[PDB]
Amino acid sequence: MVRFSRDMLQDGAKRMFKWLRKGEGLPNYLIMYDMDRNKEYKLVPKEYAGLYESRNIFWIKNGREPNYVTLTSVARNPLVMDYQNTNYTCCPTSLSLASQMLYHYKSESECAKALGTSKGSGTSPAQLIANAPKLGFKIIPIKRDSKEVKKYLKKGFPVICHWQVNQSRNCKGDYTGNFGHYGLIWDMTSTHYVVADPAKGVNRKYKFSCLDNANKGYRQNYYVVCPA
């Protein structure tokens, strides 16, 4: 079983982030050299997604990068559910999840510090757009339009969503409280957005109209995350 070192994983992720800059989706393969005999391997997407999934599991659970990862599994993407650690860090947790998909991981607290997240006010949309460059990202505000989410998901860019959980009570039913909330759209079906909700789970499905109309009275955008 081939293993790759901390230095090699960092190098491969930078090259992944760099390819993603083009807005042309994920590369067909990723070159990696094992730490034992330094042989060249051309990992296909399900392989490099599986490898970086394992890397992110250890990093998120232990809070430090793994010194090496063994290729043991395959995956459709490198996303690992990461829950918000406080009741006010939903926005930087969603940006952290995006950072996984872009192969430029920044922890929840690192994002919190950059975005200026606060206990009284949380994080506003302008705070997310204005401070994402500190972490190497650009935010593209788009219309709350499923064709727009779908267009940017093809480019490899996940989409941070913002809504008032009370407005989703009848069309989704996850929440009974009243507050604004952020999650990450990372996939879609023909009818639903698939959202990684940092207070609920990794595949919370919202009918397009349910999420689209749940921010009535608040900023009418979603927020694409891409390399700066």
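Start at 1 with the first residue shown and count on from there.
Peer 1: Select between 145-153 and 86-94 the stretch whose C-alpha atoms have the higher average B-factor in the entry.
Peer 2: Going by the record's values, the stretch with the higher mean is 145-153.
Peer 1: Would you mind comparing 71-79 and 95-103 for me and telling me which has the higher average C-alpha temperature factor in the entry?
Peer 2: The stretch with the larger mean CA B-factor is 71-79.
Peer 1: Please work out which residue in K200, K46, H181, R55 has the highest C-alpha B-factor recorded for this crystal structure.
Peer 2: So the option with the highest C-alpha B-factor is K46.
Peer 1: With respect to the C-alpha temperature factors reported in the PDB entry, which of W59, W163, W186, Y41 ranks highest?
Peer 2: Among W59, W163, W186, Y41, the PDB entry lists the largest C-alpha B-factor for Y41.
Peer 1: Among the modelled residues of this chain, does the Cα B factor of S124 put it in the lowest, middle or highest third?
Peer 2: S124: CA B-factor falls in the lowest third of its chain.
Peer 1: Grab the CA temperature factor for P27 from the record and place it in the lowest, middle or highest third of its chain.
Peer 2: Answer is middle: the recorded C-alpha B-factor places it there.
Peer 1: Just say lowest, middle or highest third for the CA B-factor of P133 relative to the other modelled residues in its chain.
Peer 2: For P133, whose C-alpha B-factor we compare with every modelled residue in the chain, the answer is the middle third.
Peer 1: Ranking every modelled residue in this chain by its Cα temperature factor as given in the entry, which third contains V2?
Peer 2: For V2, whose C-alpha B-factor we compare with every modelled residue in the chain, the answer is the highest third.
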